[PDB]
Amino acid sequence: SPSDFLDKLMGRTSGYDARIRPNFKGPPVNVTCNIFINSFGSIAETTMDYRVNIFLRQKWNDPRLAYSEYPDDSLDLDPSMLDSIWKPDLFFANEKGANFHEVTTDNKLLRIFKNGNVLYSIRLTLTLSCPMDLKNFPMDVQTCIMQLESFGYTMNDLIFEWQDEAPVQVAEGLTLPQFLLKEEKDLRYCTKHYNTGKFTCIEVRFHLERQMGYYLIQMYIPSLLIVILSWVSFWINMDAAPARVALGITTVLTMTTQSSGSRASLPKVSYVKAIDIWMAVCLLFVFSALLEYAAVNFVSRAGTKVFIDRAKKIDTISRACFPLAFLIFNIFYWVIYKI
């Protein structure tokens, strides 16, 4: 008769008040938290948040519930009866959205042990805020957090602490479409301070390194191929007008359809992303490679025997300068965005 033994511990004749905490008069209650992340995803930068599906598990002691007389060494309080026992008011500080699960039954479990220790396993969906900076897109790396805090109880009455062993665990094979969730999860404190008191808070931080593979092959490399076709105009005489104009116009026009083609499938933000610079710089090196040939024609238009040497002087310079100047920019870009 375990269900029956419980309402002797919880009921009218027991004298249990779930509105009152354990050790009411004396020291604080110690709640040992740990989670399991079964699902991690929907990281959006427009709403600046991410969704996670977890099992939260709180463990604590309530000496009001300790027993001995009964043979079975642990009792399972029914989900519907959960009001009838005190439990901590842990909430997620940075939660935007939240809900419990109730299919097929309530996804909640409570075990009170013989020594009074309680075990509370509960399954949640959680939308949490993660302020995001795309400055270095697409070589950026984000840091999302998750704060377990007490709502009304202070440090004088309630204290949260992580598990010593694997407090935060993540399901095997979980994938994100754009980031990689890293294996390191930094645990730390966030104990808040207000003029209304001091409140317990424990934190876990996830790290999210973005992937480039797509932008590398479908944007950086093709733009590099076009900037290489900009330089071959230099290795032709001034007399061949059709080639150097057509190439220059192609190179410019092709680079322009590429920089516009990309824009529709990039994160829509107001500030300058690292990718936005690459497109701009690549446009100069295509633009000026056409503007170079215009400067050659303006000097070598007057077909004097002397200045054709000094006009071909521009071309001999550019043959070494444009490849070098590009490589000086290139070496800056990848060193800065892979420091």
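A residue's number is simply how far along the shown sequence it sits, counting from 1.
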For the stretches 173-181 and 231-239, which has the higher mean C-alpha B-factor as given in the deposited record? 231-239
Going by the mean C-alpha B-factor recorded in the entry, which is higher: 209-217 or 95-103? 209-217
Quick one: which of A294, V281, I43, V52 shows the highest Cα temperature factor in the PDB entry? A294
Taking the values exactly as deposited, rank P88 by C-alpha B-factor within its chain and report the matching third: lowest, middle or highest. lowest
Which third, lowest, middle or highest, does the CA B-factor of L148 fall in along this chain? lowest
Using only modelled residues of the chain, where does the Cα B factor of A311 rank: lowest third, middle third or highest third? highest
Lowest, middle or highest third - CA B-factor, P71: highest
Sorting the chain's modelled residues by C-alpha B-factor and splitting them into thirds places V299 in the highest
